[PDB]
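For reference, the structure I am asking about is given below.
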Amino acid sequence: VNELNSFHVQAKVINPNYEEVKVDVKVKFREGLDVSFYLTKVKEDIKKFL
Amino acid sequence: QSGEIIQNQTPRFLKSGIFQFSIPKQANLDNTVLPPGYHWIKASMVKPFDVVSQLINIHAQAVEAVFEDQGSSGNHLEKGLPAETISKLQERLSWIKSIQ
Amino acid sequence: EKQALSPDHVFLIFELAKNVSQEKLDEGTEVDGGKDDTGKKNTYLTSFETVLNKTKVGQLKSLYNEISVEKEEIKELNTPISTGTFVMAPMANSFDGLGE
Amino acid sequence: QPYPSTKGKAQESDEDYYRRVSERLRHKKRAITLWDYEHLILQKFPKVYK
Amino acid sequence: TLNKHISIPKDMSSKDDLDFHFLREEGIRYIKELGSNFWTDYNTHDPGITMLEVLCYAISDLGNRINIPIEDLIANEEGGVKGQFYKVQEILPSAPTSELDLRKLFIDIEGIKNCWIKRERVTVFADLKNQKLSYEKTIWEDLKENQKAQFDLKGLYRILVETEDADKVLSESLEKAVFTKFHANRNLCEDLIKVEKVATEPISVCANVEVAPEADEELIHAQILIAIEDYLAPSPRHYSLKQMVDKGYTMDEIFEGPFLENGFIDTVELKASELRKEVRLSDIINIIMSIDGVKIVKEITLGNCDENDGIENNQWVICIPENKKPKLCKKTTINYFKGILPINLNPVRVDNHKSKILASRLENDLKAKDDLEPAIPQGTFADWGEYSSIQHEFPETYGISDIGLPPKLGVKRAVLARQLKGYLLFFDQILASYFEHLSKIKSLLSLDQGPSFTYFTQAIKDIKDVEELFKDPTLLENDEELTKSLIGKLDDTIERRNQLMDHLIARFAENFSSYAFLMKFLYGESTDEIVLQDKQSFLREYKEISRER
């Protein structure tokens, strides 16, 4: 990038240094089963989406 | 823990079915309240003893299978297939010693 | 025009036969792995001549001595401030440094 | 083989060919504005997601 | 590029619209499925079957024209592609905004061999007690040490020029040329302060060199001398397009920067020809030892050219001040030997060799000025929409041909022929439309101006009584009126015109989606016309819009 910018400009390249909030919620009104659709499974799906 | 029970088809011991679980980490073979050498699992109830059905047996390593409808005569569908009529796979060896 | 294909790179770990002590692995040796949707096999080639023998990594250990306070400022043993920390891992590649 | 392979690249699809040609005709290979910088890097460096 | 023998394939089978027999079989299959209750006789004397075969023939003709190559289908009467495409000379080059671009920009001014771009540091001092600023440090009088500040300016230039003339100063005509081009082509928030000739540093080289007993010394001297000068201060050369291609560059790269009228300049050479910071014996020796005929360098030394050059260090490496170019001091010398005997050289012979070696370089820079562009394939032009009526494919017995029908057969048969002509026009008007649609591809995708309609038709005039068959012959005199009357509303022009425009805009990676609602705060229903006009204008003006940012 610095080769293509301008004689006068240098850019810096960094890592995002991530930081983030997380969800909690009211229990689902339905589930396939206590195990098959355990709250833990829902948590895993939520984690994947994020 | 929540990830240790996979399924429970018999929650109140009224019908036949499958219970499936993983052996938990920290399960212990060396104990004194029950004989050593076995992993031990407990089931419990606080109700009168007859609110559940009587048992015939408990078996490990159970597998379910279903009849394939092909161009033949399903004579065995009038009355259930007798017990102990099935002993082997189509391909006899797949690293399995016996099927009951 | 369109751009062409670039080949991928891998590392392989080799273990020699019980009855030999050393061997020479020449450049261009073919390796086999996997097939595409046509059923054709993938082929990889060794990039450099190398020498294989029976040498294995057995143990990994580590130390670190971190110093905050210059020795000349120690006037009494019970200093108000920590002067440094010195730690060890008997098994460097375990979770807690001890085998977990 | 303890680890996955790396550094390979498949031939361009029609969709990528059109995408690449179309962007060069707009940014002229110069890094001036926001779009320019962001698209020059995603085209040049194949293992950057965002 | 020789002529080849020409032949025709023997497997005439494709199972598509160019395959007559295939089409005929499908025709019959459809007939049975739809009408076998009433039409069962499929013998060859049947008028029904006769009509089917004629139509199948007409379909093959249409398919054959659709396959005509693009070079011809969108050709202009006068040749060229003016309203269809932008050429590489116009759409790939970029305004110069980088340091290398500026060097390429100025290096093409005749008389200039090289240029370097440096940044000015103008300093401003400030009083933090009383906010005040000046270029003088007098701004700090009577202040404390913590009340002082300095800032440097961020966008100013100085241009260092190396010329062919070897004079002391730049000609004022060069200063005007450099300032003119800079200002004409500049970045936002940047400026040029000064243009000046590059400063130099003189270096001495002295040596004793033994050469082969059968060697041309005057030539060896000319060659060594040129090679050392090139080491100290290299310069780029111009190339033809053919040469850039031979080097392995592609189109995207060849046309990456500003377009240059004098030939192409290779970026690698340009980067290499930077002002040198260090000179050393390990390179100078290699230059001499590599000249054919040189056997031994018996003595060699470098040194800063200076006065009172008495006993001094070897100076194995000489460093150069930050804004100077090194140059031989002209107090240099090489003593040539054969065996143990010294030989003498003549100045006129050396000058002649040096001149020839360098003059041949000028010849190539000049040749590079002609080959500046690639070829574009050229087609022909031939009214691709020409159509002939299917009525001419029937026999005389039917009575629908140019020679008519003999009077002795009576009126009733003549009347029936009229009825058939009417029926067949339902098939011809459709085919004529498809041919007509090919003739408009150039307009539909035009960068200058598209059409108002998206579907088209034609009058059919190779039928002898069309003036009687049609209720109002007026329409046959103007295909635009005929289109409005026969297709009419079925042509949803606003939606279709937008789809075409959006596609063309997308080809340049642009996007006009926001006009869909922003214009509704200015206009009501009239926005549909306004927006299409603006999109066409955008495409026409695109060459400058995307470049001069």
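Each chain carries a letter (A, B, C, D and E) given by its place in the written order, and its residues are counted from 1.
We take it that a contact is a pair of C-beta atoms (placed from the backbone, for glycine too) under 8 Å apart; a residue touches a chain by one contact, two chains touch by 3 or more.
Undergrad: Select, from C-D and A-D, the pair of chains that is joined by more C-beta pairs in contact.
TA: Pair with the higher count of C-beta contacts: C-D.
Undergrad: By mean C-alpha position, what chain is farthest away from chain D?
TA: Most distant chain from chain D: B.
Undergrad: Using mean CA coordinates as chain centres, what's the chain A-chain D distance in Å?
TA: Centre-to-centre distance between chain A and chain D: 24 Å.
Undergrad: If you average the CA atoms of chain D and of chain E, how far apart do the two points sit, in angstrom?
TA: 21
Undergrad: Once you find the CA centre of chain A and the CA centre of chain E, what distance in Å lies between them?
TA: 44
Undergrad: Taking the mean of the CA coordinates per chain, how far is chain B from chain E in Å?
TA: 75
Undergrad: Give the residues of chain C touching no fewer than two other chains, as numbers and ranges.
TA: Expected reply: no residues.
Undergrad: If I count partner chains per residue in chain E, which residues reach a count of at least 2?
TA: If we look for residues of chain E contacting two or more partner chains, we find 97-98.
Undergrad: What pairs of chains are touching here?
TA: Touch list across chains, by label: A-B, A-D, A-E, C-D, D-E.
Undergrad: Over in the complex, which chain B residues touch chain A? Could you list them?
TA: 2-3, 5-8
Undergrad: Which residues of chain E touch chain D once you look at their complex with the stated criterion?
TA: Result: residues 91-95, 97-98, 252, 256, 506-510, 546-547, 549 of chain E touch chain D.
Undergrad: In their shared complex, at which residues does chain A touch chain E?
TA: Chain A residues touching chain E: 3-8.
Undergrad: Across the complex, what residues on chain A touch chain D?
TA: 1, 4-5, 11
Undergrad: What part of chain D is in contact with chain E in the complex they form?
TA: Interface residues on the chain D side: 22-26, 28-30, 32-33.
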